[PDB]
file target35.txt (compact mmCIF, C-alpha atoms and all ligand atoms)
# COMPACT_ATOMS: atom_id res chain seq x y z
CA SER A 1 67.25 102.96 102.52
CA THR A 2 70.84 104.11 102.04
CA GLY A 3 73.19 106.76 103.33
CA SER A 4 76.34 108.36 101.96
CA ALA A 5 78.63 110.80 103.76
CA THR A 6 82.01 112.34 102.97
CA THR A 7 84.85 111.56 105.36
CA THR A 8 87.75 114.01 105.61
CA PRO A 9 91.29 113.66 107.04
CA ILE A 10 91.60 115.66 110.25
CA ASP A 11 95.14 116.84 109.39
CA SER A 12 97.90 116.72 106.78
CA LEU A 13 99.10 113.26 107.91
CA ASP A 14 95.72 111.46 107.74
CA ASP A 15 95.92 110.83 111.49
CA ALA A 16 92.18 110.17 111.56
CA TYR A 17 89.05 110.85 109.53
CA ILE A 18 85.92 112.77 110.53
CA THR A 19 82.45 112.42 109.08
CA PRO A 20 79.52 114.79 109.82
CA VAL A 21 76.67 113.18 111.82
CA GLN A 22 73.29 114.81 112.59
CA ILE A 23 72.03 114.20 116.13
CA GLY A 24 68.77 115.30 117.69
CA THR A 25 65.91 117.60 116.73
CA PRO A 26 66.64 120.17 115.38
CA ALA A 27 69.82 118.63 114.04
CA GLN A 28 73.09 119.12 115.91
CA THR A 29 75.89 118.27 113.51
CA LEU A 30 79.01 116.78 115.08
CA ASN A 31 82.11 115.50 113.25
CA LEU A 32 82.67 111.94 114.40
CA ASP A 33 85.48 109.45 113.96
CA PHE A 34 83.89 106.38 112.34
CA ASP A 35 85.58 103.47 114.12
CA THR A 36 85.21 99.86 112.89
CA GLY A 37 87.34 98.85 115.87
CA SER A 38 84.81 99.80 118.57
CA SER A 39 81.07 99.77 119.09
CA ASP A 40 80.15 102.90 121.04
CA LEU A 41 78.72 106.09 119.54
CA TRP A 42 79.86 108.74 122.00
CA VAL A 43 80.00 112.53 121.80
CA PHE A 44 81.49 115.49 123.56
CA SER A 45 78.49 117.07 125.24
CA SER A 46 77.14 119.69 127.62
CA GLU A 47 78.03 117.12 130.30
CA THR A 48 81.74 116.88 129.47
CA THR A 49 83.99 118.31 132.19
CA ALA A 50 84.55 121.87 131.05
CA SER A 51 88.33 121.64 131.44
CA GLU A 52 88.36 118.63 129.08
CA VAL A 53 86.65 120.44 126.18
CA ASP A 54 88.95 122.47 123.91
CA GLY A 55 87.30 123.50 120.67
CA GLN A 56 85.05 120.49 120.09
CA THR A 57 81.42 120.91 119.08
CA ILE A 58 79.19 119.51 121.83
CA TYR A 59 75.89 117.66 121.88
CA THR A 60 73.36 119.38 124.13
CA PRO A 61 70.54 116.84 124.68
CA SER A 62 68.40 119.40 126.52
CA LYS A 63 68.04 121.25 123.21
CA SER A 64 66.83 118.17 121.33
CA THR A 65 63.10 117.49 121.46
CA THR A 66 63.80 113.82 120.62
CA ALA A 67 66.47 113.17 123.26
CA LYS A 68 65.56 110.86 126.12
CA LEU A 69 67.80 109.93 129.02
CA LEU A 70 68.45 106.19 129.13
CA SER A 71 67.93 105.89 132.89
CA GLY A 72 70.72 104.18 134.77
CA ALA A 73 72.91 103.53 131.72
CA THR A 74 76.61 104.37 131.84
CA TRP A 75 79.54 103.62 129.60
CA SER A 76 83.31 103.49 129.82
CA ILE A 77 85.82 102.59 127.12
CA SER A 78 89.57 102.40 126.49
CA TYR A 79 91.05 102.15 122.98
CA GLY A 80 94.15 100.54 121.50
CA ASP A 81 96.02 103.84 121.70
CA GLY A 82 95.49 104.12 125.47
CA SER A 83 92.83 106.80 125.25
CA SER A 84 89.52 106.54 127.08
CA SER A 85 86.22 108.22 127.87
CA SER A 86 83.08 107.60 129.92
CA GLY A 87 79.68 109.06 130.80
CA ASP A 88 75.94 108.54 130.61
CA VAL A 89 73.53 107.75 127.77
CA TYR A 90 70.66 109.27 125.84
CA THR A 91 68.67 107.94 122.97
CA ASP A 92 68.08 110.29 120.07
CA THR A 93 67.65 110.44 116.33
CA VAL A 94 70.93 110.06 114.45
CA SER A 95 71.39 110.62 110.70
CA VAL A 96 74.41 109.87 108.53
CA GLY A 97 74.37 111.11 104.97
CA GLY A 98 70.59 110.89 104.67
CA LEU A 99 70.18 107.61 106.58
CA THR A 100 68.26 107.98 109.85
CA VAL A 101 68.02 105.79 112.96
CA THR A 102 65.53 106.73 115.64
CA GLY A 103 66.28 105.76 119.21
CA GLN A 104 70.04 105.41 118.72
CA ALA A 105 72.03 105.21 121.92
CA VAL A 106 74.06 108.46 122.04
CA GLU A 107 76.68 108.09 124.74
CA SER A 108 77.35 111.45 126.35
CA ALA A 109 80.86 111.94 127.69
CA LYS A 110 81.37 113.13 131.22
CA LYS A 111 85.12 112.47 131.04
CA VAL A 112 87.59 112.13 128.17
CA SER A 113 91.31 111.43 128.27
CA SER A 114 93.81 114.10 127.32
CA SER A 115 94.23 112.72 123.79
CA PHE A 116 90.59 113.52 122.96
CA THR A 117 90.75 116.98 124.57
CA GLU A 118 93.84 117.86 122.56
CA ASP A 119 92.22 116.97 119.23
CA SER A 120 89.81 119.82 118.52
CA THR A 121 88.65 118.25 115.23
CA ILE A 122 87.06 115.06 116.63
CA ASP A 123 83.71 115.62 118.33
CA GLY A 124 83.25 111.94 119.17
CA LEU A 125 83.35 108.44 117.77
CA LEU A 126 80.79 106.32 115.89
CA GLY A 127 81.58 102.67 116.46
CA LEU A 128 80.98 100.16 113.67
CA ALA A 129 82.35 96.93 115.11
CA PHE A 130 79.86 94.34 116.36
CA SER A 131 77.48 95.38 119.10
CA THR A 132 78.79 92.69 121.43
CA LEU A 133 81.68 95.12 122.15
CA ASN A 134 79.42 97.98 123.23
CA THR A 135 80.28 99.20 126.71
CA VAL A 136 76.91 100.47 127.90
CA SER A 137 75.88 98.98 131.24
CA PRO A 138 73.67 97.44 132.52
CA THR A 139 71.90 97.21 129.12
CA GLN A 140 74.24 96.82 126.14
CA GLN A 141 73.34 99.02 123.16
CA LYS A 142 73.44 98.47 119.40
CA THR A 143 75.65 100.31 116.94
CA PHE A 144 74.24 102.70 114.36
CA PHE A 145 74.86 100.11 111.63
CA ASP A 146 73.21 97.35 113.66
CA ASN A 147 70.15 99.53 114.25
CA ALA A 148 69.99 100.58 110.57
CA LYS A 149 70.71 97.14 109.09
CA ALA A 150 67.16 95.84 108.63
CA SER A 151 66.10 99.05 106.85
CA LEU A 152 69.09 99.16 104.49
CA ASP A 153 68.77 98.10 100.87
CA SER A 154 71.64 95.69 101.57
CA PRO A 155 73.12 94.95 105.06
CA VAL A 156 76.49 96.56 104.33
CA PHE A 157 78.61 99.65 104.72
CA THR A 158 81.72 100.57 102.77
CA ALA A 159 84.80 102.58 103.69
CA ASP A 160 86.58 104.48 100.91
CA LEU A 161 89.22 106.51 102.75
CA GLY A 162 91.34 108.95 100.82
CA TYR A 163 95.07 109.52 100.92
CA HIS A 164 95.43 113.18 101.88
CA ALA A 165 92.00 113.73 100.35
CA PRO A 166 88.29 113.28 101.22
CA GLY A 167 86.61 109.93 100.94
CA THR A 168 83.25 108.31 101.47
CA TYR A 169 81.33 106.07 103.84
CA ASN A 170 78.26 104.48 102.27
CA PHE A 171 75.51 102.53 104.03
CA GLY A 172 73.26 100.03 102.32
CA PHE A 173 74.88 99.87 98.89
CA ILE A 174 78.10 99.20 96.99
CA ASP A 175 79.16 101.98 94.62
CA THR A 176 80.48 99.98 91.67
CA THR A 177 82.16 103.11 90.26
CA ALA A 178 84.36 103.54 93.32
CA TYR A 179 86.83 100.71 92.76
CA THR A 180 88.66 98.88 90.01
CA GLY A 181 88.64 95.19 89.26
CA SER A 182 86.45 93.05 91.47
CA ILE A 183 85.83 92.87 95.21
CA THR A 184 87.44 89.89 96.94
CA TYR A 185 85.48 88.78 99.97
CA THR A 186 87.08 86.95 102.89
CA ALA A 187 85.62 85.28 105.99
CA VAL A 188 85.18 87.11 109.30
CA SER A 189 85.30 85.90 112.89
CA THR A 190 83.02 87.91 115.17
CA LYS A 191 84.20 85.99 118.23
CA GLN A 192 86.23 88.94 119.54
CA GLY A 193 83.67 91.52 118.45
CA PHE A 194 85.86 92.86 115.62
CA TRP A 195 85.90 92.60 111.84
CA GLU A 196 88.59 89.95 112.19
CA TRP A 197 89.94 88.23 109.09
CA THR A 198 93.05 86.42 107.82
CA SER A 199 95.35 87.95 105.26
CA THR A 200 96.99 85.44 102.94
CA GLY A 201 100.46 87.03 102.87
CA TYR A 202 102.51 90.06 101.92
CA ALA A 203 105.22 91.51 99.70
CA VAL A 204 107.67 94.39 100.21
CA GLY A 205 107.99 96.61 97.18
CA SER A 206 108.67 94.49 94.12
CA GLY A 207 109.66 91.48 96.21
CA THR A 208 108.16 88.04 95.92
CA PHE A 209 104.91 87.48 97.76
CA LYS A 210 105.17 85.44 100.93
CA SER A 211 102.15 83.21 101.58
CA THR A 212 101.51 83.28 105.31
CA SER A 213 98.31 83.67 107.30
CA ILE A 214 98.11 86.93 109.26
CA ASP A 215 95.04 87.20 111.55
CA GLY A 216 94.03 90.81 112.04
CA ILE A 217 91.21 93.32 112.29
CA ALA A 218 89.94 95.87 109.79
CA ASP A 219 89.98 99.05 111.92
CA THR A 220 89.19 102.51 110.51
CA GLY A 221 89.77 103.88 114.03
CA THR A 222 93.49 103.03 114.05
CA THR A 223 95.86 105.25 112.01
CA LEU A 224 98.70 102.84 111.20
CA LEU A 225 99.21 99.24 110.07
CA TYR A 226 100.25 96.91 112.94
CA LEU A 227 101.71 93.57 111.82
CA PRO A 228 103.89 90.82 113.29
CA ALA A 229 107.45 91.77 114.12
CA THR A 230 108.86 89.42 111.44
CA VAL A 231 106.81 91.12 108.71
CA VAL A 232 107.59 94.62 109.91
CA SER A 233 111.32 93.87 110.14
CA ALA A 234 111.29 92.56 106.58
CA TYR A 235 109.66 95.80 105.39
CA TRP A 236 111.90 98.30 107.14
CA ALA A 237 115.03 96.32 106.20
CA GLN A 238 114.44 97.60 102.66
CA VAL A 239 114.77 101.25 103.82
CA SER A 240 118.30 102.60 104.27
CA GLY A 241 118.71 103.98 107.76
CA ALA A 242 115.39 102.72 109.18
CA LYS A 243 115.49 101.46 112.77
CA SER A 244 113.22 100.60 115.66
CA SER A 245 113.55 103.39 118.23
CA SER A 246 112.63 102.53 121.83
CA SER A 247 112.76 106.24 122.66
CA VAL A 248 110.35 107.22 119.89
CA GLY A 249 108.18 104.12 120.30
CA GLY A 250 108.45 102.50 116.89
CA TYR A 251 110.11 102.26 113.54
CA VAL A 252 111.49 105.53 112.19
CA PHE A 253 113.28 106.27 108.94
CA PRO A 254 115.14 109.14 107.27
CA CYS A 255 112.69 111.66 105.94
CA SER A 256 114.84 111.77 102.79
CA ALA A 257 113.85 108.17 101.93
CA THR A 258 111.46 107.06 99.21
CA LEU A 259 109.55 104.17 100.74
CA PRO A 260 108.75 100.85 99.10
CA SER A 261 105.15 99.80 98.63
CA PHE A 262 103.63 97.07 100.82
CA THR A 263 101.28 94.41 99.45
CA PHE A 264 98.87 92.38 101.58
CA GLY A 265 96.94 89.34 100.46
CA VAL A 266 93.16 89.07 100.40
CA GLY A 267 92.47 85.49 99.40
CA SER A 268 94.02 85.17 95.97
CA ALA A 269 93.92 88.95 95.38
CA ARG A 270 96.42 91.65 96.36
CA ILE A 271 96.10 95.16 97.80
CA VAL A 272 99.13 97.40 97.21
CA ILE A 273 99.80 100.18 99.71
CA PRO A 274 101.91 102.86 97.92
CA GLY A 275 105.12 103.73 99.74
CA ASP A 276 104.07 107.36 100.23
CA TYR A 277 101.13 106.13 102.33
CA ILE A 278 103.63 104.71 104.85
CA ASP A 279 105.32 108.11 105.52
CA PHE A 280 103.85 109.77 108.61
CA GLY A 281 106.18 112.69 108.69
CA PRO A 282 108.74 114.04 111.12
CA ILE A 283 108.67 112.60 114.62
CA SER A 284 108.70 116.24 115.75
CA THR A 285 108.50 119.50 113.87
CA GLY A 286 111.65 120.06 111.88
CA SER A 287 113.15 116.64 112.56
CA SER A 288 114.80 114.70 109.78
CA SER A 289 113.57 111.42 111.28
CA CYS A 290 110.13 110.33 110.12
CA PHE A 291 107.66 107.96 111.73
CA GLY A 292 106.80 104.76 109.89
CA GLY A 293 103.28 103.80 108.92
CA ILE A 294 103.94 100.08 109.41
CA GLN A 295 104.63 99.12 113.03
CA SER A 296 104.98 96.00 115.12
CA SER A 297 101.87 94.54 116.75
CA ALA A 298 104.00 92.89 119.42
CA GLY A 299 102.65 93.96 122.77
CA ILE A 300 99.44 95.24 121.15
CA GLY A 301 98.06 91.70 121.22
CA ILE A 302 96.41 91.81 117.79
CA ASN A 303 97.33 92.77 114.25
CA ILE A 304 95.49 95.88 113.05
CA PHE A 305 94.81 96.79 109.44
CA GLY A 306 94.43 100.48 110.19
CA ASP A 307 93.87 103.45 107.92
CA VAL A 308 97.29 103.03 106.22
CA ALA A 309 96.03 99.75 104.80
CA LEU A 310 92.32 100.46 104.45
CA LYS A 311 92.83 103.69 102.49
CA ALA A 312 94.62 101.77 99.72
CA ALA A 313 91.37 99.87 99.14
CA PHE A 314 87.65 99.98 98.72
CA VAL A 315 86.43 98.04 101.76
CA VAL A 316 83.04 96.33 102.16
CA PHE A 317 81.90 95.57 105.69
CA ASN A 318 79.23 92.96 104.93
CA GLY A 319 76.88 92.53 107.87
CA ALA A 320 74.87 89.67 106.39
CA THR A 321 73.88 86.90 108.79
CA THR A 322 77.34 85.46 108.16
CA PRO A 323 79.51 88.59 108.07
CA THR A 324 82.37 88.95 105.60
CA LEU A 325 84.90 91.55 104.46
CA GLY A 326 85.47 92.71 100.90
CA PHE A 327 88.55 94.40 99.48
CA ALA A 328 89.00 95.96 96.04
CA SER A 329 91.80 97.99 94.50
CA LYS A 330 90.99 101.55 93.55
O1 LIG A 401 90.66 100.82 119.82
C1 LIG A 401 90.99 100.37 118.72
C2 LIG A 401 91.93 99.20 118.58
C3 LIG A 401 91.21 97.94 118.96
CL1 LIG A 401 92.31 96.55 118.91
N1 LIG A 401 90.59 100.93 117.57
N2 LIG A 401 89.71 102.00 117.60
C4 LIG A 401 90.13 103.17 118.05
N3 LIG A 401 89.37 104.26 118.14
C5 LIG A 401 90.11 105.37 118.73
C6 LIG A 401 91.57 104.89 118.67
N4 LIG A 401 91.43 103.45 118.42

call {"tool": "encode", "arguments": {"input": "target35.txt", "output": "structure tokens"}}
result
Amino acid sequence: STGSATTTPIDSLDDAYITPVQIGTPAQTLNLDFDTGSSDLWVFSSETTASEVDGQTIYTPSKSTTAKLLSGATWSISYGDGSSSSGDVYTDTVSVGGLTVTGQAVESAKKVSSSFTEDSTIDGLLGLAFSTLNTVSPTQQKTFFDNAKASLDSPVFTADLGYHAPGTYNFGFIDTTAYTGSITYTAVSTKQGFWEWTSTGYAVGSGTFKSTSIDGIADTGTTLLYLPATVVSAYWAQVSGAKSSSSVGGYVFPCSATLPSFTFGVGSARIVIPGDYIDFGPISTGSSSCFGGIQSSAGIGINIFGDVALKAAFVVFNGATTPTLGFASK
């Protein structure tokens, strides 16, 4: 089997991407944030504290003839941006783009942090890291991809995120029309539960490529690109007027700037992030200072190849017995 679904930016800055997911019988369609940096599928629901719902579509398990409470199971999660949610758990039928998993753990939120409430476009998250990160207790649950893997034509999914435009998530096949050149595959460590790999280096604009190993994770659920302070300093040094702002919480730059591209190494191959991808717009409405799309990972604890990086590429999340990651230009 295979599945294919369109993923759409939630706003003009590509702050996140939502993908329609069918849950339950008859189908309840929620727009979920596909997140390769976590492993819980959780939804706003009829159980979410009423004051914490503001425009989201909710999952009502009592209206699904296939929903079953998973007795005693609870979940609680915090993400790299400080947001969090928690609740109880049902199993139900979940379909993405024609691909169906019966008995998927659907984690029903009782509480969400303010960041989720304030984002009316995201109805929940669909985690696609490794199931060892799943937060359900006392019985850990499998991701959608994990549950679907055996049935898929090939044990893979691909992320093809658009820059200010719709994109595609495919399960079980590689669309050879969706990228240029060849796919370079690189080894993955599952030891932390993430799609963790090692970039071979970087360049800033037309500069010379620096060979240096950068361990990081491929994370569709993070907006920006978080790299070591040395790398990030080298990038923003090429931008007149750019500075790290403690008050704003990161690198900012004059909105009048044209930004240099940023290249990251995948084995012997190169992915080039266009400069425009690194512009995340005014720090506040009307401001002439703009927030940078490349930020320091210091204090985060891990380097994160977020959407800024992943949307410059066609990305293959290969869940074979020995997982690997594939990157192609597009
Ligand atoms: O939580 C992380 C970072 C793990 Cl190091 N990514 N996934 C995610 N989903 C919502 C915001 N962040």

call {"tool": "closest_residue", "arguments": {"input": "target35.txt", "among": "A:248, A:318, A:240, A:204", "to": "residue 264 of chain A", "atoms": "all atoms listed in the file"}}
result
A:204

call {"tool": "closest_atom_pairs", "arguments": {"input": "target35.txt", "of": "chain A", "to": "ligand LIG 401 (chain A)", "cutoff": "9 Å", "atoms": "all atoms listed in the file", "output": "Markdown table"}}
result
| residue | atom | partner | partner_atom | distance |
| --- | --- | --- | --- | --- |
| A:16 | CA | A:LIG401 | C5 | 8.9 |
| A:33 | CA | A:LIG401 | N3 | 7.7 |
| A:34 | CA | A:LIG401 | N3 | 8.3 |
| A:35 | CA | A:LIG401 | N3 | 5.6 |
| A:36 | CA | A:LIG401 | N2 | 6.9 |
| A:37 | CA | A:LIG401 | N1 | 4.2 |
| A:38 | CA | A:LIG401 | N2 | 5.5 |
| A:77 | CA | A:LIG401 | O1 | 8.9 |
| A:78 | CA | A:LIG401 | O1 | 6.9 |
| A:79 | CA | A:LIG401 | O1 | 3.5 |
| A:80 | CA | A:LIG401 | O1 | 3.9 |
| A:81 | CA | A:LIG401 | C6 | 5.5 |
| A:82 | CA | A:LIG401 | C6 | 7.9 |
| A:83 | CA | A:LIG401 | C6 | 7.0 |
| A:84 | CA | A:LIG401 | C5 | 8.5 |
| A:125 | CA | A:LIG401 | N3 | 7.3 |
| A:127 | CA | A:LIG401 | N3 | 8.1 |
| A:194 | CA | A:LIG401 | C3 | 8.1 |
| A:217 | CA | A:LIG401 | CL1 | 7.4 |
| A:219 | CA | A:LIG401 | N1 | 6.0 |
| A:220 | CA | A:LIG401 | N2 | 7.1 |
| A:221 | CA | A:LIG401 | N2 | 4.0 |
| A:222 | CA | A:LIG401 | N4 | 4.8 |
| A:223 | CA | A:LIG401 | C6 | 7.9 |
| A:300 | CA | A:LIG401 | CL1 | 7.6 |
| A:301 | CA | A:LIG401 | CL1 | 7.9 |
| A:302 | CA | A:LIG401 | CL1 | 6.4 |
| A:303 | CA | A:LIG401 | CL1 | 7.8 |
| A:304 | CA | A:LIG401 | CL1 | 6.7 |
| A:306 | CA | A:LIG401 | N1 | 8.3 |

call {"tool": "residues_around", "arguments": {"input": "target35.txt", "residues": "segment 250-254 of chain A", "least_positions_apart": "4", "cutoff": "10 Å", "atoms": "all atoms listed in the file", "output": "list in words"}}
result
residues 232, 233, 236, 239, 240, 241, 242, 243, 244, 245, 246, 258, 259, 279, 280, 281, 282, 283, 287, 288, 289, 290, 291, 292, 293, 294, 295 and 296 of chain A

call {"tool": "residues_around", "arguments": {"input": "target35.txt", "residues": "residue 90 of chain A", "least_positions_apart": "5", "cutoff": "7 Å", "atoms": "only C-alpha atoms", "output": "list in words"}}
result
residues 67, 68, 69, 70, 105, 106 and 107 of chain A

call {"tool": "atom_distance", "arguments": {"input": "target35.txt", "atom1": "atom CA of residue 272 of chain A", "atom2": "atom CA of residue 325 of chain A"}}
result
17.0 Å

call {"tool": "residues_around", "arguments": {"input": "target35.txt", "residues": "segment 154-169 of chain A", "least_positions_apart": "5", "cutoff": "8 Å", "atoms": "only C-alpha atoms", "output": "list in words"}}
result
residues 4, 5, 6, 7, 8, 9, 12, 13, 14, 145, 149, 174, 178, 277, 307, 310, 311, 312, 313, 314, 315, 316, 317, 318, 319 and 320 of chain A

call {"tool": "residues_around", "arguments": {"input": "target35.txt", "residues": "residue 322 of chain A", "least_positions_apart": "5", "cutoff": "10 Å", "atoms": "only C-alpha atoms", "output": "ChimeraX atom specification"}}
result
/A:187-190

call {"tool": "atom_distance", "arguments": {"input": "target35.txt", "atom1": "atom CA of residue 58 of chain A", "atom2": "atom CA of residue 140 of chain A"}}
result
23.6 Å

call {"tool": "residues_near_point", "arguments": {"input": "target35.txt", "point": "(72.7, 102.6, 106.5)", "cutoff": "7 Å", "atoms": "all atoms listed in the file", "output": "list in words"}}
result
residues 1, 2, 3, 99, 145, 148, 149, 152, 157, 171 and 172 of chain A

call {"tool": "closest_residue", "arguments": {"input": "target35.txt", "among": "A:15, A:88, A:215, A:118", "to": "residue 72 of chain A", "atoms": "only C-alpha atoms"}}
result
A:88

call {"tool": "residues_around", "arguments": {"input": "target35.txt", "residues": "residue 214 of chain A", "least_positions_apart": "4", "cutoff": "12 Å", "atoms": "all atoms listed in the file", "output": "PyMOL selection string"}}
result
chain A and resi 196-202+210+226-231+264-267+297+302-305

call {"tool": "atom_distance", "arguments": {"input": "target35.txt", "atom1": "atom CA of residue 23 of chain A", "atom2": "atom CA of residue 44 of chain A"}}
result
12.1 Å

call {"tool": "closest_residue", "arguments": {"input": "target35.txt", "among": "A:192, A:60, A:212, A:180", "to": "residue 271 of chain A", "atoms": "only C-alpha atoms"}}
result
A:180

call {"tool": "build_atoms", "arguments": {"input": "target35.txt", "residues": "segment 168-180 of chain A", "atoms": "N, CA, C and O atoms", "output": "PDB file, keeping the file's coordinate frame"}}
result
ATOM      1  N   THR A 168      84.677 108.551 101.352  1.00  0.00           N
ATOM      2  CA  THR A 168      83.250 108.310 101.470  1.00  0.00           C
ATOM      3  C   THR A 168      82.988 107.095 102.336  1.00  0.00           C
ATOM      4  O   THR A 168      83.688 106.086 102.223  1.00  0.00           O
ATOM      5  N   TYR A 169      81.962 107.203 103.183  1.00  0.00           N
ATOM      6  CA  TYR A 169      81.330 106.070 103.840  1.00  0.00           C
ATOM      7  C   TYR A 169      79.922 105.936 103.291  1.00  0.00           C
ATOM      8  O   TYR A 169      79.135 106.883 103.375  1.00  0.00           O
ATOM      9  N   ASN A 170      79.601 104.771 102.759  1.00  0.00           N
ATOM     10  CA  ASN A 170      78.260 104.480 102.270  1.00  0.00           C
ATOM     11  C   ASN A 170      77.625 103.396 103.126  1.00  0.00           C
ATOM     12  O   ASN A 170      78.309 102.478 103.584  1.00  0.00           O
ATOM     13  N   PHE A 171      76.310 103.516 103.336  1.00  0.00           N
ATOM     14  CA  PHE A 171      75.510 102.530 104.030  1.00  0.00           C
ATOM     15  C   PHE A 171      74.409 102.014 103.107  1.00  0.00           C
ATOM     16  O   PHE A 171      73.683 102.801 102.477  1.00  0.00           O
ATOM     17  N   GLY A 172      74.319 100.693 103.016  1.00  0.00           N
ATOM     18  CA  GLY A 172      73.260 100.030 102.320  1.00  0.00           C
ATOM     19  C   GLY A 172      73.485  99.779 100.848  1.00  0.00           C
ATOM     20  O   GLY A 172      72.597  99.210 100.207  1.00  0.00           O
ATOM     21  N   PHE A 173      74.620 100.181 100.287  1.00  0.00           N
ATOM     22  CA  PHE A 173      74.880  99.870  98.890  1.00  0.00           C
ATOM     23  C   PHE A 173      76.374  99.889  98.587  1.00  0.00           C
ATOM     24  O   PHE A 173      77.175 100.487  99.312  1.00  0.00           O
ATOM     25  N   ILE A 174      76.731  99.238  97.480  1.00  0.00           N
ATOM     26  CA  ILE A 174      78.100  99.200  96.990  1.00  0.00           C
ATOM     27  C   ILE A 174      78.142 100.022  95.716  1.00  0.00           C
ATOM     28  O   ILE A 174      77.478  99.686  94.723  1.00  0.00           O
ATOM     29  N   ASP A 175      78.907 101.110  95.763  1.00  0.00           N
ATOM     30  CA  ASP A 175      79.160 101.980  94.620  1.00  0.00           C
ATOM     31  C   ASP A 175      80.140 101.288  93.682  1.00  0.00           C
ATOM     32  O   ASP A 175      81.353 101.293  93.920  1.00  0.00           O
ATOM     33  N   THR A 176      79.625 100.718  92.588  1.00  0.00           N
ATOM     34  CA  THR A 176      80.480  99.980  91.670  1.00  0.00           C
ATOM     35  C   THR A 176      81.401 100.888  90.848  1.00  0.00           C
ATOM     36  O   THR A 176      82.277 100.374  90.152  1.00  0.00           O
ATOM     37  N   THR A 177      81.247 102.209  90.918  1.00  0.00           N
ATOM     38  CA  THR A 177      82.160 103.110  90.260  1.00  0.00           C
ATOM     39  C   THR A 177      83.357 103.469  91.112  1.00  0.00           C
ATOM     40  O   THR A 177      84.253 104.164  90.628  1.00  0.00           O
ATOM     41  N   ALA A 178      83.382 103.031  92.363  1.00  0.00           N
ATOM     42  CA  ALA A 178      84.360 103.540  93.320  1.00  0.00           C
ATOM     43  C   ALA A 178      85.607 102.674  93.409  1.00  0.00           C
ATOM     44  O   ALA A 178      86.521 103.000  94.170  1.00  0.00           O
ATOM     45  N   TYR A 179      85.695 101.603  92.642  1.00  0.00           N
ATOM     46  CA  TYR A 179      86.830 100.710  92.760  1.00  0.00           C
ATOM     47  C   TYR A 179      87.095 100.132  91.395  1.00  0.00           C
ATOM     48  O   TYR A 179      86.248 100.201  90.509  1.00  0.00           O
ATOM     49  N   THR A 180      88.271  99.532  91.249  1.00  0.00           N
ATOM     50  CA  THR A 180      88.660  98.880  90.010  1.00  0.00           C
ATOM     51  C   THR A 180      88.722  97.376  90.225  1.00  0.00           C
ATOM     52  O   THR A 180      88.854  96.886  91.349  1.00  0.00           O
TER      53      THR A 180
END
